[PDB]
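> Next comes the structure file structure-v4.txt, holding compact mmCIF, C-alpha atoms.
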```txt
# COMPACT_ATOMS: atom_id res chain seq x y z
CA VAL A 57 218.84 20.73 106.56
CA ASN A 58 221.09 23.75 107.14
CA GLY A 59 218.05 26.00 106.87
CA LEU A 60 216.29 23.96 109.54
CA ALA A 61 219.38 24.14 111.76
CA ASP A 62 219.53 27.92 111.32
CA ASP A 63 215.87 28.25 112.28
CA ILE A 64 216.43 26.12 115.38
CA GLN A 65 219.46 28.14 116.44
CA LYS A 66 217.72 31.48 115.88
CA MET A 67 214.66 30.42 117.87
CA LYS A 68 216.83 29.14 120.73
CA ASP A 69 218.75 32.43 120.74
CA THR A 70 215.53 34.45 120.79
CA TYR A 71 214.04 32.48 123.67
CA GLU A 72 217.27 32.52 125.69
CA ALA A 73 217.54 36.28 125.23
CA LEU A 74 213.89 36.74 126.23
CA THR A 75 214.01 34.55 129.33
CA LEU A 76 217.24 36.09 130.70
CA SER A 77 216.33 39.78 130.48
CA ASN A 78 215.96 39.97 134.26
CA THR A 79 219.18 38.06 134.96
CA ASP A 80 222.66 39.59 135.14
CA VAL A 81 225.16 38.08 132.74
CA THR A 82 228.94 37.64 132.61
CA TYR A 83 230.91 37.06 129.41
CA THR A 84 234.54 36.01 129.77
CA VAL A 85 236.78 37.03 126.86
CA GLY A 86 240.05 35.22 126.36
CA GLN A 87 241.67 32.02 125.18
CA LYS A 88 239.40 29.89 127.38
CA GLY A 89 236.56 32.40 127.65
CA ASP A 90 233.08 32.30 126.21
CA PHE A 91 234.37 34.31 123.23
CA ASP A 92 237.72 34.09 121.48
CA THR A 93 238.14 37.84 120.87
CA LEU A 94 236.47 40.99 122.14
CA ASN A 95 234.94 41.77 118.75
CA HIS A 96 233.25 38.36 118.72
CA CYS A 97 231.92 39.00 122.23
CA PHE A 98 230.32 42.30 121.21
CA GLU A 99 228.83 40.79 118.05
CA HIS A 100 226.81 38.49 120.30
CA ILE A 101 225.72 41.38 122.52
CA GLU A 102 224.61 43.36 119.47
CA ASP A 103 222.58 40.38 118.23
CA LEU A 104 220.61 39.93 121.47
CA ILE A 105 216.88 40.44 121.02
CA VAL A 106 216.41 42.02 124.46
CA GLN A 107 219.37 43.27 126.46
CA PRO A 108 219.58 41.89 130.02
CA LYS A 109 219.71 43.88 133.25
CA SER A 110 223.51 44.16 133.19
CA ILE A 111 226.41 42.58 131.31
CA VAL B 57 212.98 16.21 107.62
CA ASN B 58 209.59 17.44 106.41
CA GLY B 59 208.21 16.37 109.79
CA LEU B 60 210.87 18.45 111.52
CA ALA B 61 210.03 21.45 109.34
CA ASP B 62 206.33 21.07 110.16
CA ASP B 63 207.20 20.87 113.86
CA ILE B 64 209.21 24.09 113.56
CA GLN B 65 206.34 25.84 111.80
CA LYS B 66 203.75 24.64 114.32
CA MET B 67 205.83 25.75 117.30
CA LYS B 68 206.50 29.11 115.65
CA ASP B 69 202.74 29.50 115.25
CA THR B 70 201.99 28.49 118.84
CA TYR B 71 204.70 30.64 120.50
CA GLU B 72 204.49 34.02 118.79
CA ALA B 73 207.43 35.45 120.74
CA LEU B 74 209.96 33.43 118.73
CA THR B 75 209.04 35.25 115.51
CA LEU B 76 210.65 38.45 116.82
CA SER B 77 213.67 39.62 114.84
CA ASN B 78 215.97 42.64 115.00
CA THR B 79 217.62 42.37 111.59
CA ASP B 80 218.17 45.68 109.78
CA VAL B 81 215.35 47.37 107.87
CA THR B 82 214.66 50.05 105.23
CA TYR B 83 211.19 51.59 105.18
CA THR B 84 210.58 53.71 102.08
CA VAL B 85 208.10 56.59 102.30
CA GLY B 86 206.32 57.99 99.27
CA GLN B 87 203.30 57.70 97.03
CA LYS B 88 204.24 54.11 96.13
CA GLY B 89 206.55 53.35 99.07
CA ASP B 90 205.98 51.13 102.07
CA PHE B 91 204.20 53.89 104.01
CA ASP B 92 201.92 56.63 102.74
CA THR B 93 203.29 59.43 104.96
CA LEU B 94 206.30 59.94 107.20
CA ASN B 95 204.07 59.98 110.28
CA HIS B 96 202.91 56.45 109.45
CA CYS B 97 206.49 55.19 109.10
CA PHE B 98 207.52 56.50 112.53
CA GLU B 99 204.20 55.45 114.04
CA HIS B 100 204.88 51.90 112.89
CA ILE B 101 208.47 52.04 114.18
CA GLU B 102 207.32 52.89 117.71
CA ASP B 103 204.96 49.90 117.48
CA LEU B 104 207.76 47.38 116.92
CA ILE B 105 208.19 45.21 120.00
CA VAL B 106 211.95 44.90 119.44
CA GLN B 107 213.92 47.71 117.82
CA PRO B 108 216.16 46.39 115.01
CA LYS B 109 219.89 46.99 114.96
CA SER B 110 219.53 49.84 112.46
CA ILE B 111 216.68 51.44 110.51
CA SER C 1 245.06 1.43 95.71
CA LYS C 2 244.76 -2.15 94.48
CA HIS C 3 248.38 -2.86 95.45
CA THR C 4 249.66 -0.02 97.65
CA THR C 5 248.20 3.24 98.89
CA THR C 6 247.96 6.51 97.01
CA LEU C 7 249.34 9.87 98.08
CA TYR C 8 245.77 11.10 98.54
CA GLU C 9 245.04 8.36 101.08
CA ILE C 10 248.13 9.15 103.17
CA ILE C 11 247.43 12.89 103.14
CA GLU C 12 243.78 12.27 104.04
CA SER C 13 244.79 9.98 106.91
CA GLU C 14 247.16 12.58 108.36
CA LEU C 15 244.53 15.31 107.98
CA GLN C 16 242.04 13.14 109.86
CA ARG C 17 244.69 12.69 112.55
CA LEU C 18 244.86 16.48 112.85
CA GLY C 19 241.20 16.38 113.92
CA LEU C 20 239.59 18.04 110.90
CA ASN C 21 236.11 17.04 109.75
CA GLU C 22 234.83 17.71 106.25
CA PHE C 23 231.08 17.29 106.68
CA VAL C 24 229.68 18.68 109.94
CA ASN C 25 232.11 21.65 110.31
CA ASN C 26 230.59 24.41 112.52
CA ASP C 27 227.12 22.94 113.11
CA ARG C 28 226.11 23.14 109.43
CA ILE C 29 226.50 19.98 107.36
CA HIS C 30 227.74 20.16 103.77
CA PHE C 31 228.41 17.05 101.71
CA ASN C 32 230.93 18.90 99.50
CA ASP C 33 231.93 21.94 101.52
CA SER C 34 234.49 23.20 98.93
CA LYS C 35 236.30 24.86 101.86
CA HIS C 36 236.85 22.15 104.49
CA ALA C 37 236.70 19.04 102.29
CA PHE C 38 240.00 17.18 102.04
CA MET C 39 239.73 17.50 98.29
CA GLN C 40 239.65 21.17 97.27
CA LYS C 41 242.20 21.51 100.08
CA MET C 42 245.14 19.48 98.78
CA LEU C 43 244.39 21.04 95.39
CA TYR C 44 244.71 24.55 96.79
CA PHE C 45 247.73 23.28 98.79
CA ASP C 46 246.68 24.56 102.20
CA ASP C 47 249.15 25.02 105.04
CA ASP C 48 248.05 21.75 106.64
CA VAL C 49 248.73 19.77 103.46
CA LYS C 50 252.14 21.39 103.05
CA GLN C 51 253.05 20.51 106.64
CA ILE C 52 251.89 16.93 106.05
CA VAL C 53 253.96 16.61 102.87
CA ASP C 54 257.04 18.09 104.54
CA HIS C 55 256.57 15.67 107.43
CA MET D 1 209.58 26.54 87.78
CA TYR D 2 207.92 26.66 91.20
CA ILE D 3 209.19 26.01 94.72
CA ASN D 4 208.81 22.60 96.36
CA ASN D 5 206.43 24.26 98.87
CA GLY D 6 208.93 24.17 101.73
CA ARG D 7 208.89 20.35 101.79
CA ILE D 8 211.69 18.40 100.12
CA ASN D 9 210.82 15.29 98.12
CA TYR D 10 213.16 13.12 96.06
CA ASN D 11 212.10 11.83 92.66
CA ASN D 12 214.02 10.68 89.58
CA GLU D 13 212.15 11.47 86.38
CA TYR D 14 215.04 10.21 84.23
CA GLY D 15 216.43 7.08 85.87
CA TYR D 16 218.75 4.33 84.68
CA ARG D 17 216.39 1.40 85.24
CA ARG D 18 212.61 1.01 85.49
CA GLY D 19 211.96 -2.20 87.37
CA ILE D 20 213.58 -5.13 85.61
CA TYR D 21 214.06 -3.31 82.30
CA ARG D 22 216.57 -0.58 81.40
CA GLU D 23 215.70 3.00 80.46
CA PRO D 24 217.21 4.49 77.29
CA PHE D 25 218.44 7.71 78.91
CA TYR D 26 221.90 6.56 80.02
CA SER D 27 224.62 4.45 78.41
CA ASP D 28 226.31 1.33 79.78
CA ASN D 29 229.08 0.60 77.24
CA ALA D 30 231.71 2.16 79.49
CA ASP D 31 234.25 0.50 81.79
CA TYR D 32 235.66 2.24 84.86
CA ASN D 33 238.64 1.28 87.00
CA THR D 34 237.68 0.20 90.52
CA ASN D 35 240.35 0.75 93.18
CA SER D 36 239.83 -0.96 96.53
CA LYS D 37 241.86 -0.97 99.72
CA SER D 38 245.05 -3.03 99.77
CA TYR D 39 246.92 -4.68 102.64
CA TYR D 40 248.65 -1.41 103.48
CA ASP D 41 245.25 0.04 104.40
CA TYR D 42 244.63 -2.89 106.75
CA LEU D 43 247.99 -2.09 108.33
CA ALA D 44 247.03 1.58 108.55
CA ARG D 45 243.83 0.80 110.44
CA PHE D 46 245.67 -1.54 112.80
CA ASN D 47 248.28 1.16 113.37
CA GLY D 48 245.50 3.61 114.16
CA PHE D 49 244.20 1.30 116.86
CA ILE D 50 247.73 0.79 118.21
CA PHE D 51 248.21 4.56 118.30
CA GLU D 52 245.03 4.97 120.33
CA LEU D 53 246.17 2.21 122.70
CA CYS D 54 249.54 3.91 123.17
CA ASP D 55 247.78 7.20 123.90
CA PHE D 56 245.60 5.49 126.51
```
Mind turning the file's structure into structure tokens?


Amino acid sequence: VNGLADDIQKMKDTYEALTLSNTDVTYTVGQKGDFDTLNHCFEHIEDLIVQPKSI
Amino acid sequence: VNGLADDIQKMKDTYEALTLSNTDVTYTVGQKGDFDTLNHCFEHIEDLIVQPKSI
Amino acid sequence: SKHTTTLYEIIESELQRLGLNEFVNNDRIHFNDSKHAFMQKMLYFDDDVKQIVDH
Amino acid sequence: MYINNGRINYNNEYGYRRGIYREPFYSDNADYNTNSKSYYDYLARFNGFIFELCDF
């Protein structure tokens, strides 16, 4: 079941990265931000399949 | 659960874009390596749709 | 627990009050996580269990 | 030893009982203590509800 969940999450990440290449994205880093710490924020950016227009 | 796995496989087959991955890689060149010559290895690299995080 | 409760039941109740969950965790379900399960936590004497006992 | 072909299926080759009869693989001449919930656990559940009501 965990393998299936991992496959679902990876496919969702790939499609979200693909469909938002043209968009311009904003990640908020902080206590209430999208990411808890800066290093966690840039681990997500590194993992993107296709980088967007501007972050 | 087997039905869910079959659904995942069918949708991976139908949408080929979701198969893309940028995990790290290690192509070995030699007589019995992955690629026959160094030109082939870097010809295949330029053919990758998405460049992995490190090669 | 045929007459009165056990220490394990009280500690488990307080841990559940704290909001912890042993199965689902971070979107991957494990029946016996060995890291977030209430057992294998009061045996390693985590900080939460020590706070509960001191309370 | 081969993979389950990517599909999980549950089967018990060596089970305790086969229909009405009993298989010889496992033993029954053992007695285990069974510990159920006492009145204090009923009180604990009622106190949990009262705690939620107080929070509301």

> Smallest atom-to-atom distance to chain C: which of D:2, D:25, D:32, D:40, using all atoms listed in the file?

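Among the listed residues, D:40 lies closest to chain C.
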
> Could I get the residues of chain A with an atom no further than 12 Å from an atom of chain D, each paired with its nearest atom pair and that distance in Å to one decimal, using all atoms listed in the file, sorted by chain and residue number, as a tab-separated table?


```
residue	atom	partner	partner_atom	distance
A:57	CA	D:8	CA	9.9
A:59	CA	D:6	CA	10.6
A:60	CA	D:6	CA	10.7
```

> Just need the residues of chain C within 9 Å of chain D, counting only C-alpha atoms, so spit them out as a list in words.

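Taken together, these residues fit the definition: residues 1, 2, 3, 4, 5, 9 and 13 of chain C.
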
> Restricting the calculation to only C-alpha atoms: of C:27, C:46, C:22, C:12, which residue gets closest to chain A?

C:27

> Which protein, DNA or RNA residues have an atom at most 7 Å from (224.0, 25.1, 106.9), counting all atoms listed in the file? List them as a short mmCIF file (atom, residue, chain, number, x, y, z; two decimals) with C-alpha atoms, in the coordinates of the input.


```cif
data_model
loop_
_atom_site.label_atom_id
_atom_site.label_comp_id
_atom_site.auth_asym_id
_atom_site.auth_seq_id
_atom_site.Cartn_x
_atom_site.Cartn_y
_atom_site.Cartn_z
CA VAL A 57 218.84 20.73 106.56
CA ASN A 58 221.09 23.75 107.14
CA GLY A 59 218.05 26.00 106.87
CA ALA A 61 219.38 24.14 111.76
CA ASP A 62 219.53 27.92 111.32
CA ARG C 28 226.11 23.14 109.43
CA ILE C 29 226.50 19.98 107.36
CA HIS C 30 227.74 20.16 103.77
#
```

> After fitting chain A to chain B over all Cα atoms matched in order, what RMSD is left?

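It is 7.7 Å.
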